[PDB]
Amino acid sequence: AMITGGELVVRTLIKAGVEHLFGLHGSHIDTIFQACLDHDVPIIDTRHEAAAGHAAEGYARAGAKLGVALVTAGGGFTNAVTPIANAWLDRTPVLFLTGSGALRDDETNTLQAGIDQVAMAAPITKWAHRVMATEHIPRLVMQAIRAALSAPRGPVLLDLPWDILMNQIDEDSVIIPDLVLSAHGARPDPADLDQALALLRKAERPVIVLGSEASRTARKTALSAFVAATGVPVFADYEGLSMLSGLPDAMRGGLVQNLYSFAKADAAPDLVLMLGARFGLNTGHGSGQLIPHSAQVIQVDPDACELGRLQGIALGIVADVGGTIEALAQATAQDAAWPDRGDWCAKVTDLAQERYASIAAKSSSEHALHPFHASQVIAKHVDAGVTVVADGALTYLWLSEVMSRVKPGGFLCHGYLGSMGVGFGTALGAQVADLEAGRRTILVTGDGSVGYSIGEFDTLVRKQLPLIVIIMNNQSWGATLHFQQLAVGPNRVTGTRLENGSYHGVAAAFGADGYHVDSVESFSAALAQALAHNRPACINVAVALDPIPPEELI
Amino acid sequence: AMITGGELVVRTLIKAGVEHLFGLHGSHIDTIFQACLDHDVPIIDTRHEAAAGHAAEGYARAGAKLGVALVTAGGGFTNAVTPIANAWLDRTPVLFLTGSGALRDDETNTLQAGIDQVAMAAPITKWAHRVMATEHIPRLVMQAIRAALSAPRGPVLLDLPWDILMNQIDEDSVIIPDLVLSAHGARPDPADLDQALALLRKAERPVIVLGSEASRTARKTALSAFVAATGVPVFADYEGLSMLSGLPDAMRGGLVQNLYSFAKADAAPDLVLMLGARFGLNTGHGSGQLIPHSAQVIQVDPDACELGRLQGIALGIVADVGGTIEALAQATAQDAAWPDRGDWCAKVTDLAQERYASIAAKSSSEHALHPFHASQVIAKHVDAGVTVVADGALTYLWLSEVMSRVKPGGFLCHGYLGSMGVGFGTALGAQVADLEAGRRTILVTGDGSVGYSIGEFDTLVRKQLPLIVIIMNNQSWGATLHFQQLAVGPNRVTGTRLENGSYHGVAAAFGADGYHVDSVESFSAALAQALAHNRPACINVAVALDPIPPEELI
Amino acid sequence: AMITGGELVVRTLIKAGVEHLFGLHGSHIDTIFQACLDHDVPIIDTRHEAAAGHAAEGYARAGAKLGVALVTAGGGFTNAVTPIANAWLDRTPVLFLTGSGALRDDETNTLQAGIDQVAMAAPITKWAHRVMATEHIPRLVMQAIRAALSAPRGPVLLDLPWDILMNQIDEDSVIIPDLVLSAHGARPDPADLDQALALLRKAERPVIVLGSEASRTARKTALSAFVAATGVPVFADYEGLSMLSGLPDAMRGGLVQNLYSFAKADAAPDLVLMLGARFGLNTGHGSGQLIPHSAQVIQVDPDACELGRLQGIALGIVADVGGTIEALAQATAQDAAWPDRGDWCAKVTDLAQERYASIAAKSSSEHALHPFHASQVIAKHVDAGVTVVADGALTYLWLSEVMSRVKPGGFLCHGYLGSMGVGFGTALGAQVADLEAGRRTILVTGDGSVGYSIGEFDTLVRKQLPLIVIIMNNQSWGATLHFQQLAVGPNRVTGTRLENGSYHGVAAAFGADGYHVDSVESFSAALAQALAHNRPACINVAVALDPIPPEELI
Ligand SMILES: COP(=O)(O)[C@@](O)(c1ccccc1)c1sc(CCOP(=O)(O)OP(=O)(O)O)c(C)[n+]1Cc1cnc(C)nc1N
Ligand SMILES: COP(=O)(O)[C@@](O)(c1ccccc1)c1sc(CCOP(=O)(O)OP(=O)(O)O)c(C)[n+]1Cc1cnc(C)nc1N
Ligand SMILES: COP(=O)(O)[C@@](O)(c1ccccc1)c1sc(CCOP(=O)(O)OP(=O)(O)O)c(C)[n+]1Cc1cnc(C)nc1N
Ligand SMILES: COP(=O)(O)[C@@](O)(c1ccccc1)c1sc(CCOP(=O)(O)OP(=O)(O)O)c(C)[n+]1Cc1cnc(C)nc1N
Ligand SMILES: [Ca+2]
Ligand SMILES: [Ca+2]
Ligand SMILES: [Ca+2]
């Protein structure tokens, strides 16, 4: 009859539909651990709270659902701050559940207390709040979930004092609310949708650019219907890329990065329809190099701040991206009078091929394995049944060159934070979500980045998650070493070299399969072997450092 | 060719469509004052930054547009804090432009610097930011405006360093952006809209409740079309009241407080459609006294946190309230005949009438003028050409009982903050907005509350604003004195009596017309005379303290 | 046996030795009001929380003790923010006690809640904290007081939820702690004190500069002993000025401002001993105009950040200023071998006279009363039995010219915030403290500044505080109008004129004595008459606008 506050948390999460949590144990949060045991709710316990926080992100991004992180008081929270900051800029729906010092014995200099965790998370969350009463738990947890899941998606910090969690109350008096929040996002006014479709109809070279919000809602059947009716080529940033996987080949522009060479071929887009894609790092800021200044821009984003923040736009609609794609498909289903644009769809594909073929001709593995050749080996295994998680710096910049011609089930790369090392946790959580959908997860990381969470091979083995970790070992912090050589001088390299360590040996010591390769053939076999087994795998790949990816210079 | 940073602010403001500013001069913000002088943009300068901030709120609320407050470094900002907090909780679109210490001489213990103004405003603003470069001004001002105007509406702080404002750049080097933000808000998914209407048709006693976001968008014709087609009675909180003024009489429930006596009469609403109305103070929190626990609730709000915040709902839609109303009118114009609902509308009217009649029978002006009788005198002068601003606890609690039967052009009352004294500034700015709309502003306030900004009679006289200030003088901080008597004891009054001061004398000293009255006949005459003149006025009304308004008890 | 949380607050304040509180009533904080009634502890209730907050500052500054402000939830707190910011930069010990929304019904959109008051005050307090349990009240209130009173002095925000205050607990179980904090501040290491005294002994032109921390501890008998033994001239900023009142005339350098002309007469100080005085607005930043670059600087400040922040120093000691003055006196009491320096003490006095005599020759009241002549009239009445509070801009800049030759009991002027209008509240609280010591308080304010808190004449009358309010009426926001004329042009004056209002008429309407004067003779009589009566007084003084004070240009 009397239940704990931690029991109230879990019962509310269950009603919200959460099936997995990611965390690291603390006594402060044991009531949640105990309640999850009773309800058969798995908590994937990691070796670092950061890895657990990133895992919650990866699960959310790969699964297009809510991710739930569970950390303890003090160091538990502070270790989860990078994940929060990452999810903030990436717009990923994660409920960060954290313990804190009991409300009683406030200001007593006790263990794991004395830190204002809410204030620390306030600048990097949609909502950061501390629970003041055990009876408030169900409604506040549900409020937190509603905040995280709504447009634009983002992290929420819910702080649960040890006091509030251990407290026992009458279960018959406290109500557990349902998640009553519409799955269909708000759509544009018909007049705005008409104006958008009217501009798209008279455009000579229209282009659609998808952002992260297009991935969160994942209206794939609606997207295909709109694209098949209009015949407009679709581009996407890293986070929007997996949304292109269900589209016909002739309509796939790929990553927005290869819209760079369009100005030179006098093929700079006439109209650009930005759906969730923001003006920033991925879309070339307000330089006009990707999104042209001469082009008329229709931008749809749940945040009005983003509406033409770095560039003049022709139309700015505040609405949900999933709802807009749904609306665009619905309106165009009865239209049936759209221009051909087959020649324009051929031009965007040829220009993307022009880029890829140019890089291939300049790449050679005559002495050491070229990063681009290493990227191709992975690309050969990438389809709708595979989630690719990208970390490192040169590693991801090289990998992006092969990603726009394959159709991944998921592509989870760096966002605005660009924080090295987030990939391991991200991929771990992604694999948990991929197990549900019957997909395989592959992490492509740098030798520098992998060291951040290399202890997670233990978690892979303990939890039997068949994640394949590919380390692009160029014996250094690559892109930073490249900056030292190019921006300062060839003899000005310090603190960027990493000429030590057997990463596959580390993985083997944790119980995971460890491969080490230094050629195309050996890497091909190791990757094929890793895919064939239902085990955690590490593939340490010896890769050349000298080559400069086009995206580094740009 | 060379223009100041202040010029960039003003040129962006003009391109945004702002015609009035409210502020207090400072040397740090002089470049904005000088630029407004050149462009003939009037800055209504007050005697307190709080009044200027409140005036911008009142201008925003009465004119259903963007209010712009303009304050200086240090104390200029800190004096604007209450207006910011008030605009935050009330959801009013106000751009707060503030000066700050120069970026040069940072951390030099200089005049009006040394306080982190953004950090202070961050917990109570949609966005708070400090400009780092003069070149960034136009895009940042525009971004701030887009943030303020978008759902849910709210205040934005733009911190503009003296250094940044004084700096001069070539006018052709930085472009002034247009306000490219759709005036049409996002609307619900057709499926959600159809479920809402399906519930509305099936309901036996359906009710609509409007909130602040309905007033901000002001889709009056759409609301009228939707209401007439469905025949469903409409209620509103304080801020949504003026949106009932264009609606047919039989469909008017008045203020949401009227729902209280519906449970006793077995007439508790079967269904309630909440449009912008949040679960909180004005709707009876989660008590179920106004919004019944047994009712099926359709809630429409731009913020997902609010959806079923304190009470379980049947359907939670995240969308713009104005866009939703427009979508509801559009859908109900082209569907099947809706049920009559004539008898239910009559029941709503009669219960509101029975409350009004019950108070009138218990109100007696023998010995001293009764607050309800004083409220009736004002009520006989309220219509579409009148904006009523309410302050002062017991004052507005009594005044609310007469506001449902009348149809004001605007009704600006306390929100969640419930800060005494905000009314004067609010009414001052509302009068500026009413002047271009051809309306008259009347402030109804307490003797305690008026003292906060009593120096604004000077501003009324200097700027020739014909605001009528009605002071309900019960010679005390009334409601708080009642709290002491009811909750503690009869001999337990302390710090709540104000048995001093001729407020009509104060106004006269500032040059305003000053009336002192103590009866129905004398107050009627004074108010009639004040309405007949194009002059600012103060009517000091001696009123009884003992009467307890129904709304105080509940 | 069972007592409220508000009772615990008052019992703790009593044990701390507080005899007065300054506030404005709210139901949220009624338990404190009720407990003060029972214990005969006066709460000076004002007409604005800002005035109450400033009153707490003034009481603290004039009394050299702890000031206690008491404000309610929501608007109560936000109205008190300017006082907090002012006390923060001024380093004045004030305990800001604020109500807030009950911890139960957190996140319920209820009255006066939903604002994070702690986060808003965090950037401008030594400590901002919310009380989480009724049992914690006594220890946390005492902790707050210890924080405010210790070096450097500053404001503390203690947030007391309505919940926590109304809660009743067993009085026999909760202990009320004593204030156990040493009144003698920490002193420098003997080696540092020796090095300081050794530099002072060989110096040709040594000067002592006192800051606010010298006033807070007020070690007057120790200061005189050190000055009489060494014969070093003593300067002070506005806040340190009253500490010079017990010194011999030949040792009084006055305000640090007249150290400006020392470089021209080749009398730029050889050594400067800064005691609590910071590098900033009052000491001419790091320009070298007051504190020379060639001079060796010994700086003593409880904050290490301040130790040579804008200028190179020779010795930096982190210690309490009161403890240092005590230590300097103790060491020099047995020394008795100090150089004469009578000629240097004569030179500093002559240079101060040179300044005063130069201004007098340029001042004329032939057409309108000159601000300097008006300042002289006040100066004639200023001694150890008088506290002078200075507001306005030109008003205080002119008044500072006559202050360095009189010996005020107190001088409370603007600090770094420079916030216009703070003077009324400041003076009101100062008068309460002056009633204890048998002193009279005189506020010298501008016509612009007085409008901020002009309703406080009511409080003066209600509480029978004999404060004399002198308004220097130049029909405008003077210094800002001067900036428009000098920095932009003679025809570029907007929003700075105030050609309306009878301020004495306003004061008379509130029940206070109202004088209006426009000549030396009439002002002399009005001031003499105001001093003769034990009543609140307003002296509206017609004063010339055109004259430019030397401190404005500098
Ligand atoms: C009472 O609180 P407890 O939860 O029991 C814990 O916080 C603790 C217990 C006793 C002393 C100090 C800390 C402890 S003790 C503890 C186990 C440490 O395991 P380890 O194998 O390192 O040493 P040992 O105890 O087996 O000798 C954990 C995970 N926590 C929670 C925790 C999680 N993540 C981070 C970053 N810091 C933490 N303190
Ligand atoms: C331009 O800025 P850069 O400093 O060069 C850097 O931030 C970056 C990020 C994205 C693309 C290119 C460079 C990068 S790139 C980089 C090297 C990564 O080395 P890694 O071995 O993982 O991959 P690779 O580049 O050698 O293939 C570092 C250390 N940083 C700074 C950094 C430090 N610590 C953390 C948590 N995150 C970071 N991003
Ligand atoms: C329940 O809380 P209460 O303390 O009773 C109070 O906050 C209140 C009471 C009923 C409705 C709304 C607010 C009220 S009501 C109230 C008295 C208002 O006096 P006034 O003479 O203005 O009008 P009236 O009641 O006599 O008609 C005060 C001082 N307060 C606290 C307060 C103090 N300072 C500021 C800036 N805002 C505030 N709300
Ligand atoms: C150099 O900056 P300035 O803007 O000129 C100003 O801040 C100032 C402060 C100290 C000395 C000189 C000027 C001043 S001086 C000033 C005029 C004060 O007029 P007042 O009638 O009170 O006295 P006087 O100068 O005419 O004798 C104003 C409005 N401001 C800006 C301001 C606005 N609102 C608040 C709460 N505090 C402020 N300080
Ligand atoms: Ca690498
Ligand atoms: Ca009243
Ligand atoms: Ca003046």
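Just so it is clear: chains get the letters A, B, ... in the order the sequence lines come, proteins before strands, and each one is counted from 1. As a basis for the values below, the full set of heavy atoms in this structure was taken, side chains included, without hydrogen atoms, waters or symmetry mates.
Side-chain atoms of A:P138 and A:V174, non-hydrogen and from C-beta on, do get closer than 4.5 Å to each other. When side chains are defined from C-beta on, C:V68 does not count as touching C:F96, because their heavy atoms never get closer than 4.5 Å. A:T98 has its side chain out of reach of A:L160: every pair of non-hydrogen atoms, C-beta onward, lies at least 4.5 Å apart. In this structure, the side chains of B:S476 and B:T496 stay at 4.5 Å or more apart for every pair of heavy atoms. The closest side-chain heavy-atom distance from C:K15 to C:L179 is not below 4.5 Å. Side-chain atoms of C:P123 and C:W88, non-hydrogen and from C-beta on, never get closer than 4.5 Å to each other. With contacts defined as side-chain heavy-atom distances shorter than 4.5 Å, the pair C:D320/C:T217 qualifies. Taking the side chain as every heavy atom from C-beta outward, C:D303 and C:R91 approach each other to under 4.5 Å.
Scanning both residues, A:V71 and A:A80, for their nearest heavy atoms gives CG1-CB, 3.9 Å. In plain terms, the two heavy atoms of C:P161 and C:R130 that are nearest each other are CG-NE, 3.7 Å. Shown here for C:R47 and B:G448, the closest heavy-atom pair between the two residues is NH2-O, 3.5 Å.
Between A:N167 atom CG and A:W162 atom CH2 the span is 13.5 Å, to the nearest 0.5 Å. Here the OG-NZ distance, from C:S215 to C:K220, works out to 8.0 Å after rounding to the nearest 0.5 Å. Note that NZ of C:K463 is 9.0 Å distant from CD1 of C:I43, once rounded to the nearest 0.5 Å. Taken from CE in B:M120 to CD1 in B:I115, the straight-line distance is 5.5 Å, to the nearest 0.5 Å. The CG atom of C:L13 sits 8.0 Å away from the CD1 atom of C:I32 when rounded to the nearest 0.5 Å. Taking OG1 of B:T494 as the start and CG of C:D38 as the end, the distance is 8.5 Å to the nearest 0.5 Å.
Classification of C:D90 and C:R216 as a salt-bridged pair fails, no side-chain N sitting under 4.0 Å from a carboxylate O. Under the 4.0 Å criterion applied to side-chain N and carboxylate O atoms, C:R11 and C:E171 are assigned as salt-bridge partners. Looking at A:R139 and C:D106, no side-chain N of the basic residue comes within less than 4.0 Å of a carboxylate O on the acidic one, giving no salt bridge. Under 4.0 Å is where a charged nitrogen must lie from a carboxylate oxygen, and between C:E326 and C:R187 no such pair does.
Using cut-offs of 30° and 60° on the angle between ring planes, the pair C:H25 and C:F33 is perpendicular.
Using modelled atom types and a 3.5 Å distance limit, the side chains of B:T78 and C:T82 yield a donor-acceptor pair. Using a 3.5 Å distance cut-off with no hydrogens or angles, the side chains of B:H285 and C:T110 do pair a donor with an acceptor. Side-chain atoms of B:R492 and C:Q34 form a donor-acceptor pair, as typed in the model, at a separation below 3.5 Å.
Applying side chain to side chain donor-acceptor pair (under 3.5 Å) to C:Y59 and the options C:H54, C:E19, C:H20 leaves one that passes, C:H20. Checked against C:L165 for a side-chain contact (heavy atoms from CB on, under 4.5 Å), the options C:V9, C:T4, C:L8, C:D30 give a single hit: C:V9. With respect to C:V141, the side-chain contact (heavy atoms from CB on, under 4.5 Å) criterion is satisfied by exactly one of C:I176, C:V10, C:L158: C:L158.
Under a 3.5 Å cut-off, the side chain of C:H48 and the backbone N or O of C:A50 do form a donor-acceptor pair. The main-chain N or O of A:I164 is found under 3.5 Å from a side-chain atom of A:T134 such that the two form a donor-acceptor pair. Using modelled atom types, one side-chain atom of C:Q431 and one backbone atom of C:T441 make a donor-acceptor pair closer than 3.5 Å.
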Residue pair A:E7, A:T31: steps toward the side chain to side chain contact (heavy atoms under 4.5 Å, CB included) verdict = CA-CA 7 Å; A:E7 177 70 33; A:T31 53; over 6 Å; no
ask   = Stepwise, does the side chain to side chain contact (heavy atoms under 4.5 Å, CB included) test hold for C:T108 with B:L281?
value = CA-CA 8 Å; C:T108 59; B:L281 181 67; over 6 Å; no
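Sorted by first and then second residue, the pairs that involve residues 123-152 of chain C and meet ring-ring contact (aromatic ring centres under 6.0 Å, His included), not counting sequence neighbours, are C:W127-C:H129.
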